[PDB]
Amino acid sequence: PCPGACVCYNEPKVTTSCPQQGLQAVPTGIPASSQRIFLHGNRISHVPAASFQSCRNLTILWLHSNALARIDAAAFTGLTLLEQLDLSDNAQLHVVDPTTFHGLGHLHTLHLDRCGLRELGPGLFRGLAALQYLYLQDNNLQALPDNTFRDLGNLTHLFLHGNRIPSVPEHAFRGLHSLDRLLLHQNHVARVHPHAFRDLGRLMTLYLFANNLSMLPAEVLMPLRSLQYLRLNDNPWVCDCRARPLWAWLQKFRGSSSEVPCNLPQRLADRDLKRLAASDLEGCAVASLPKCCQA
């Protein structure tokens, strides 16, 4: 039967619904035929291995807005039909065992926003070949290691804003051939490797505003042949000789772009790099140092 104060019904999908009823733990005796399990808004602190293993046909599991501090690495083992997993708004989770998501080959959406996550461990997203949406915003990430998303060939939306990512290495986004939207704003990005976006030929939206970029090689943006929306505002852009390549790329860009506000030199403060004449970019505003500032 139906456990605790949960509500169980069959249409449109077999559902076990137990939201906001003061649960401290995952209830036992969840009906095995459950296709959807809603446990959001309680005070659940742990997800043991045995939690959902009877539920063969499970496709949707919501655990957002709880008090999750730990998830057993075997919590979601054998849930081969799982399509939606929501662990968001558990700000004290901090860490997910790198094997937690292994075997989830039907997973389409993974909500990990506002989980206080400190890092993306090796192999955390291995084998998630069906994943389309990955929410990682508003965590505590301080790195984007190479090949973190290597197997995510069907991913279309990747949200990484509201972290503390300091830089983007060459192969951080390797394998993301289907990616359409990449949100990297409100981080600490000080540099992007020249070939970091090589595989993003189908990207349509890129947000990089509210970071720490003083410059960006044109090579960074060159592979983004499908780009339609670009945001680069709220960065400390240096509008001198080092900006000439980005300037030139911007002149030919047919999409929509934010302001690219100059921070230096003072005479160009808050004017748009995009809207400057090439003659404004002569010289060096500093006089670690870019090539044109050495010659």
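One rule holds for the numbers: they count along the sequence shown, beginning at 1. Note that the rigid core is defined as the largest set of C-alphas that superpose within 1.5 Å between two forms.
- Greater C-alpha displacement in 7 other deposited structures of this protein (rigid core superposition, RMS over structures and residues), of 216 to 224 versus 123 to 131: 216 to 224.
- Displacement analysis by core superposition in 7 other deposited structures of this protein ranks 72 to 80 above the other of 72 to 80 and 169 to 177 in root-mean-square C-alpha distance from the shown form.
- For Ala287, the record comparison shows coordinates absent in at least a third of the other entries of this protein that model its neighbours.
- According to the record, 10 or more deposited residues between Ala287 and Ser288 are left without atomic coordinates.
- If you average the C-alpha B-factors over 150 to 158 and over 99 to 107, the higher value belongs to 99 to 107.
- Set 206 to 214 against 190 to 198 and average the Cα temperature factors; 190 to 198 ends up higher.
- Within the listed group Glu119, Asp72, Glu219, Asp113, the record reports its top CA B-factor for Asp72.
- When the C-alpha B-factors of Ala32, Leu63, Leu268, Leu227 are read from the PDB record, the largest value belongs to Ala32.
- For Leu176, the recorded CA temperature factor ranks within the lowest third of the chain's modelled residues.
- Compared with the other modelled residues of the chain, the Cα B-factor recorded for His46 ranks in the highest third.
- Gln92 sits in the highest third of its chain by CA B factor, as recorded in the PDB entry.
- Looking at the C-alpha B-factors along this chain, the one for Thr80 belongs to the highest third.
- When all modelled residues of the chain are sorted by CA temperature factor, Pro236 is found within the lowest third.
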